[PDB]
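*Asks:* Before I ask anything, let me first share the structure, which is written out below as structure tokens.
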Amino acid sequence: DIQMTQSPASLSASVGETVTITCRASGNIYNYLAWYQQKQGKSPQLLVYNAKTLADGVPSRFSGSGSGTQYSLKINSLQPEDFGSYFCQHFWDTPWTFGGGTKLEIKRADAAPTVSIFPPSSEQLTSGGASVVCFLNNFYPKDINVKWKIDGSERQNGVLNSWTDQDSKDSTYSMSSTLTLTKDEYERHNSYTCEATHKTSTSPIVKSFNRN
Amino acid sequence: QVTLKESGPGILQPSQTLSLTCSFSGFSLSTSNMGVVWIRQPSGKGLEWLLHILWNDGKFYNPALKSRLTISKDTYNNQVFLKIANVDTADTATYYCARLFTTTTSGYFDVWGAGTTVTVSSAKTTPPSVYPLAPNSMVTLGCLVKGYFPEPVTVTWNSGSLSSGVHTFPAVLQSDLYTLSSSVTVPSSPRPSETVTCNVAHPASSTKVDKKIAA
Amino acid sequence: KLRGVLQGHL
């Protein structure tokens with residue numbers, strides 16, 4: 001059907017920079033493209049309609065452009081309030097379709113994750129379960145990989161990952177990785193290992209414990 | 001003073017019918033070029049056009065959902081009624097109604113509602129289990145908050161005194177139940193020398209617990 | 001182009 005392909009998914013930037021977000025329709029939409037802006041946790045607001053017409057309340061440092069299938073949104077000299085997510089949407093043939101969104105995020109210095117591993121607690125064990133948790137705290141950039149190993153061998157079943165949004169204070173990211181086993185599966189093995197791979201080092205960060 | 005406000009059940013079991021009401025003011029659905037649209041957005045994901053109803057009672061549907069969709073308007077009481085039949089878990093999302101301004105030469109949603117959260121699951125209210133997460137100049141501790149329903153959960157450290165070096169992770173669904181962890185980084189001196197406890201509330205189950213972290 | 005029925009307008 002008529003699809004919007006928005007890129008990039010993610011964009012790191014600094015106040016003062018000029019950035020541009022692109023949207024491609026899978027077919028001609030005749031300039032009927034709106035842009036919406038969404039703050040973390042909030043309802044989206046209209047920035048632009050008919051591709052290049054600014055909505056009320058919107059400063060001239062925003063502009064839209066393009067025609068046919070190729071449209072873009074350009075922000076001159078970013079300001080702090082500009083950080084958030086941006087979505088395009090077309091108003092041509094139904095079904096109307098939104099772009100996947102672009103996260104405009106704050107640029108900062110690279111930082112390696114601080115990694116911590118935690119054996120299942122005494123109290124959890126008595127209930128019938130065993131979660132092993134690993135924290136990968138305060139890294140930048142947001143791109144990161146975690147590998148679990150049991151007794152030296154990689155494990156993938158039962159791991160659940162969760163990632164924080166960019167931190168409002170230090171512009172850093174964090175994630176938790178949780179390996180959930182049964183109590184008795186946990187007890188048939190001894191070595192538990194959480195490995196973080198991030199561009200700040202070519203060698204992964206390794207946290208490990210033995211059930212003893 | 002264009003305003004819109006969604007109302008809904010909050011939580012629903014699968015196979016049921018989701019009824020959502022949009023109450024609006026500051027514009028009329030008897031005026032041309034006006035409509036009300038419904039849009040939804042699963043937490044942390046993109047936006048999806050569901051359907052709209054126009055001032056002249058024209059109705060338009062997302063074909064993927066059109067079989068399950070029903071919409072009407074009550075123009076005198078300024079309300080639009082949405083029904084989604086037979087919900088599955090993928091229908092879990094924030095739901096927005098918004099004013100559609102539409103002409104032969106333009107289209108846009110210039111005013112939106114704040115949104116209303118809708119959860120579709122078989123799960124029942126379930127308090128969380130709180131487990132302590134114990135192990136340079138800094139040490140990291142944690143709190144595992146496991147098996148609760150529904151969202152949200154509040155996690156705090158030392159009733160609030162610890163604010164710096166706290167991360168609380170987004171919940172994650174595991175067998176119809178939420179699990180979440182909180183992390184705290186304090187100097188290795190304050191602990192276990194001094195007391196670090198996490199404070200956990202789950203208002204839907206009236207749960208309020210404090211768990212000290214012993215070494 | 002103008003927007004019509006097929007583009008969700010009336």
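FYI, nothing fancy with the structure tokens labels: chains A, B, ... in order, residues from 1 per chain, ligands from 1 as they appear.
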Please, which residues in region 119-209 of chain B fall within 12 Å of region 138-153 of chain A when counting only C-alpha atoms, and what is the closest atom pair and distance in Å to one decimal for each, ordered by chain then residue number, as a tab-separated table?

*Replies:*
```
residue	atom	partner	partner_atom	distance
B:165	CA	A:138	CA	9.6
B:166	CA	A:138	CA	10.7
B:167	CA	A:138	CA	9.4
B:183	CA	A:138	CA	11.3
B:184	CA	A:138	CA	11.9
B:185	CA	A:138	CA	11.0
```

*Asks:* Could you turn the residues from that selection into a file that holds N, CA and C atoms, as a CSV table (one decimal), in the first residue's frame?

*Replies:*
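Generated file (result-v3.csv):
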```
chain,number,residue,atom,x,y,z
B,165,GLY,N,22.8,8.6,40.6
B,165,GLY,CA,23.3,7.2,40.4
B,165,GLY,C,22.1,6.2,40.5
B,166,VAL,N,20.9,6.6,40.3
B,166,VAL,CA,19.8,5.7,40.2
B,166,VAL,C,19.3,5.5,38.7
B,167,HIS,N,19.2,4.3,38.3
B,167,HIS,CA,18.5,4.0,37.0
B,167,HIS,C,17.4,3.0,37.3
B,183,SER,N,18.6,0.1,39.7
B,183,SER,CA,20.1,0.1,39.9
B,183,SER,C,20.4,1.3,40.7
B,184,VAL,N,21.3,1.2,41.7
B,184,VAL,CA,21.9,2.3,42.4
B,184,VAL,C,23.4,2.2,42.6
B,185,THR,N,24.1,3.3,42.3
B,185,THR,CA,25.5,3.3,42.5
B,185,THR,C,25.9,4.3,43.6
```

*Asks:* Given only C-alpha atoms, how would the per-residue table for region 3-35 of chain B near chain C read, listing every residue at most 12 Å away with its closest atom pair and distance in Å to one decimal, sorted by chain and number, as JSON lines?

*Replies:*
```
{"residue": "B:32", "atom": "CA", "partner": "C:10", "partner_atom": "CA", "distance": 8.9}
{"residue": "B:33", "atom": "CA", "partner": "C:10", "partner_atom": "CA", "distance": 7.9}
{"residue": "B:34", "atom": "CA", "partner": "C:10", "partner_atom": "CA", "distance": 9.8}
{"residue": "B:35", "atom": "CA", "partner": "C:9", "partner_atom": "CA", "distance": 9.6}
```

*Asks:* Give me, as JSON, numbers by chain, the contact residues of chain B against chain A at a cut-off of 8 Å, counting only C-alpha atoms.

*Replies:* {"B": [45, 46, 47, 48, 49, 61, 62, 63, 96, 106, 107, 108, 109, 110, 111, 112, 113, 114, 115, 131, 132, 133, 134, 135, 140, 167, 168, 169, 170, 171, 172, 181, 183]}

*Asks:* Export C-alpha atoms of the chosen residues as a PDB file, in the first residue's frame?

*Replies:*
```pdb
ATOM      1  CA  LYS B  45       6.955   2.246  18.906  1.00  0.00           C
ATOM      2  CA  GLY B  46       5.521   4.139  15.903  1.00  0.00           C
ATOM      3  CA  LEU B  47       2.078   5.576  15.150  1.00  0.00           C
ATOM      4  CA  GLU B  48      -0.780   3.849  13.342  1.00  0.00           C
ATOM      5  CA  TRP B  49      -3.857   5.309  11.635  1.00  0.00           C
ATOM      6  CA  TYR B  61     -10.982   2.588   7.944  1.00  0.00           C
ATOM      7  CA  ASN B  62      -7.613   0.906   8.051  1.00  0.00           C
ATOM      8  CA  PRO B  63      -8.364  -2.216   5.940  1.00  0.00           C
ATOM      9  CA  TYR B  96      -5.231   9.049  20.715  1.00  0.00           C
ATOM     10  CA  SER B 106      -4.837  19.995   2.786  1.00  0.00           C
ATOM     11  CA  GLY B 107      -4.938  17.516   5.646  1.00  0.00           C
ATOM     12  CA  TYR B 108      -3.576  17.474   9.210  1.00  0.00           C
ATOM     13  CA  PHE B 109      -4.217  16.688  12.882  1.00  0.00           C
ATOM     14  CA  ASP B 110      -3.529  20.082  14.498  1.00  0.00           C
ATOM     15  CA  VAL B 111      -4.834  19.262  17.985  1.00  0.00           C
ATOM     16  CA  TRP B 112      -4.513  15.887  19.760  1.00  0.00           C
ATOM     17  CA  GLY B 113      -5.824  14.402  22.984  1.00  0.00           C
ATOM     18  CA  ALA B 114      -3.356  13.524  25.762  1.00  0.00           C
ATOM     19  CA  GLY B 115      -3.934   9.848  24.942  1.00  0.00           C
ATOM     20  CA  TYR B 131      14.429  -9.335  45.457  1.00  0.00           C
ATOM     21  CA  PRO B 132      17.667  -7.729  46.641  1.00  0.00           C
ATOM     22  CA  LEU B 133      20.548  -7.505  44.163  1.00  0.00           C
ATOM     23  CA  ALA B 134      23.802  -7.663  46.143  1.00  0.00           C
ATOM     24  CA  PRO B 135      27.366  -8.286  44.824  1.00  0.00           C
ATOM     25  CA  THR B 140      26.385  -0.922  42.344  1.00  0.00           C
ATOM     26  CA  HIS B 167      18.498   3.952  36.998  1.00  0.00           C
ATOM     27  CA  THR B 168      15.119   2.275  36.830  1.00  0.00           C
ATOM     28  CA  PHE B 169      14.647   0.134  33.743  1.00  0.00           C
ATOM     29  CA  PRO B 170      11.506  -0.080  31.591  1.00  0.00           C
ATOM     30  CA  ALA B 171       9.322  -3.066  32.491  1.00  0.00           C
ATOM     31  CA  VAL B 172       9.334  -6.164  30.293  1.00  0.00           C
ATOM     32  CA  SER B 181      14.999  -3.819  37.849  1.00  0.00           C
ATOM     33  CA  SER B 183      20.054   0.083  39.926  1.00  0.00           C
TER      34      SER B 183
END
```

*Asks:* Running DSSP on the backbone, which parts of region 137-195 of chain A land in helix (DSSP H, G or I), as a compact mmCIF listing (two decimals) with N, CA, C and O atoms, in the first residue's frame?

*Replies:*
```txt
# COMPACT_ATOMS: atom_id res chain seq x y z
N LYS A 183 15.00 -22.73 39.16
CA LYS A 183 15.87 -22.99 40.30
C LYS A 183 16.79 -24.20 40.02
O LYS A 183 18.02 -24.12 40.18
N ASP A 184 16.20 -25.29 39.56
CA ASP A 184 16.96 -26.53 39.39
C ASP A 184 17.91 -26.49 38.17
O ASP A 184 18.99 -27.09 38.20
N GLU A 185 17.53 -25.77 37.13
CA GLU A 185 18.45 -25.56 36.02
C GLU A 185 19.64 -24.70 36.44
O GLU A 185 20.80 -25.01 36.12
N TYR A 186 19.36 -23.64 37.18
CA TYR A 186 20.41 -22.80 37.74
C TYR A 186 21.42 -23.62 38.55
O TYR A 186 22.62 -23.33 38.57
N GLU A 187 20.92 -24.65 39.23
CA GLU A 187 21.78 -25.39 40.15
C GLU A 187 22.56 -26.53 39.50
O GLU A 187 23.47 -27.07 40.11
```

*Asks:* Give the residues of chain B that lie within 8 Å of chain C; count only C-alpha atoms, and format the answer as a ChimeraX atom specification.

*Replies:* /B:33,54,56,58,60,102-106

*Asks:* If you run DSSP over the backbone, which residues in region 81-203 of chain A end up strand (DSSP E or B)? Put them as a VMD selection string.

*Replies:* chain A and resid 84 to 90 98 102 to 106 111 114 to 118 129 to 140 145 to 150 153 to 155 159 to 163 173 to 182 191 to 197

*Asks:* Might you pull out every residue within 6 Å of residue 86 (chain B), with only C-alpha atoms counted and same-chain residues fewer than 3 positions away left off, and present them as a PyMOL selection string?

*Replies:* chain B and resi 15-17

*Asks:* Excluding residue 26 (chain A) and residues on its chain fewer than 5 positions from it, collect all residues at most 8 Å away from it, counting only C-alpha atoms, and give them as a list in words.

*Replies:*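 Counting only the stated atoms, we get residues 1, 2, 3, 4, 5 and 69 of chain A.
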
*Asks:* For the selection you just gave me, I'd like the residues written to a file as a short mmCIF file (atom, residue, chain, number, x, y, z; two decimals), in the first residue's frame, keeping N, CA, C and O atoms.

*Replies:*
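Once written, part.cif looks like this:
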```cif
data_model
loop_
_atom_site.label_atom_id
_atom_site.label_comp_id
_atom_site.auth_asym_id
_atom_site.auth_seq_id
_atom_site.Cartn_x
_atom_site.Cartn_y
_atom_site.Cartn_z
N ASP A 1 0.90 -1.15 0.00
CA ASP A 1 0.00 0.00 0.00
C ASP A 1 0.93 1.19 0.00
O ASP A 1 2.11 0.99 -0.30
N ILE A 2 0.46 2.40 0.33
CA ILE A 2 1.40 3.55 0.34
C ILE A 2 2.17 3.70 1.66
O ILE A 2 1.62 4.11 2.68
N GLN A 3 3.46 3.39 1.60
CA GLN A 3 4.31 3.27 2.79
C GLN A 3 5.26 4.44 2.91
O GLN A 3 5.80 4.92 1.90
N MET A 4 5.46 4.90 4.15
CA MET A 4 6.45 5.93 4.44
C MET A 4 7.72 5.31 5.03
O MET A 4 7.68 4.62 6.05
N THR A 5 8.86 5.59 4.39
CA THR A 5 10.14 5.10 4.87
C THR A 5 10.97 6.26 5.41
O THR A 5 11.55 7.04 4.64
N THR A 69 7.90 11.65 -4.22
CA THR A 69 8.03 10.62 -3.18
C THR A 69 9.11 10.97 -2.16
O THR A 69 9.29 10.26 -1.16
#
```

*Asks:* Considering only C-alpha atoms, can you say which of A:28, A:195, A:84, A:159 comes closest to chain C?

*Replies:*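 With only C-alpha atoms as the atom set, the closest residue is A:28.
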
*Asks:* What's around residue 154 (chain B) at 10 Å? Count only C-alpha atoms, leave out sequence neighbours fewer than 4 positions away in its own chain, and write the answer as a PyMOL selection string.

*Replies:* chain B and resi 145+168+182+199-203+208

*Asks:* Considering only C-alpha atoms, state which residue in the set A:63, A:112, A:82, A:191 is at the smallest distance from residue 205 (chain A).

*Replies:* A:112
